[PDB]
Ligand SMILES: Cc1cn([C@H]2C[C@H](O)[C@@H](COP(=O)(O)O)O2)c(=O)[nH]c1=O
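What follows is a single chain, given as structure tokens, in the form solved without the ligand.
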């Protein structure tokens, strides 16, 4: 069957890998036998743009109450993923942020192989109006609204990955 792989997803407070930061990190690992999950909200000392609240529902209060230290979370994330293939949707966004913060804290950077589900979708679904994750999901019969929360989005990307035949063939 499938080789092991880990679907990753983050939420951030902006688009700049070097000035903005990670507010949530989620992952769905198929370990070769079954599925495991990773999720952490990140403690945050800056002024969270209310735009972040409207998209994700994450507020300062949530990060204050449930957030964990970013360096600690990233160390645990490295242990969760090991050297497994990483999978995502426009995955360079997640990797750019994760590597920037790993580097900032003096932690090892990612050297994992990667596959981007978005690339497979663009080649299989040529007539989509756009290639946002939400649009891709519907094209494959997944009607869930995208919540813009890291683990919840990772679950949706994982479900998508089990429906993209070209990806499945590559991972056999």
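Positions refer to the first chain, counted from 1.
What follows is about the form solved in complex with the ligand, which we do not show.
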- [ ] Can you check 29 to 37, 54 to 62, 123 to 131, 105 to 113 and let me know which stretch has heavy atoms within 4.5 Å of the ligand in the bound PDB entry?
- [x] 54 to 62
TODO: Report whether the minimum heavy atom distance between residue 12 and the ligand in the bound PDB entry is within 4.5 Å.
DONE: yes
Task: 4.5 Å heavy atom contact, residue 148 to the ligand in the bound PDB entry - done: yes
Open item on the list: Although the partner isn't part of this model, could you tell me whether residue 80 comes within 4.5 Å of the ligand in the bound PDB entry, counting any heavy atom of the residue?
Closed with: no
